[PDB]
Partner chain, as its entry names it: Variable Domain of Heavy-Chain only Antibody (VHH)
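Next up: a single chain in C-alpha cells, the form deposited without the partner chain.
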C-alpha cells in the first residue's frame, strides 16, 4: 500500500507501507495552528483529533 506522508499543506509525497491495509490522515489544532499528519496504518480514534483511515493507494491526501 502506498500512502501520502506529507505534513499539512506541503507538496504531496508518498511512501510504501509494508504490511499495512490502511493509510491515515490526522487533523488537529494546537498553538502552532492546524496540523495534518499523514502516513501508514490507522491509529485509534481520540477526542479532539479528526481521523480518516482509508484502504487504497494515496487515498489520504
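Numbering follows the first chain given and starts at 1. Shifts are known only where both forms have a C-alpha. In this text, the rigid core denotes the largest set of C-alpha atoms whose superposition between the two forms falls within 1.5 Å.
- Here the stretch with the larger average CA B-factor, out of 44-52 and 20-28, is 44-52.
- Per the deposited record, the Cα B-factor of residue 60 falls in the middle third when ranked against the other modelled residues of its chain.
The discussion below concerns the form deposited with the partner chain bound, not included here.
- Not displayed here, the partner chain is kept clear of residue 12 by more than 4.5 Å at the level of heavy atoms in the deposited bound form.
- The closest heavy atom approach of residue 48 to the partner chain in the deposited bound form falls within 4.5 Å.
- By the criterion of a heavy atom within 4.5 Å, residue 42 is counted among the residues contacting the partner chain in the deposited bound form.
- Core-aligned CA deviation for residue 11 between this form and the one not shown: less than 2 Å.
- Regions where at least three consecutive shared residues each shift by 2 Å or more at the C-alpha between this form and the one not shown, after core superposition, reduce to one span, 45-47.
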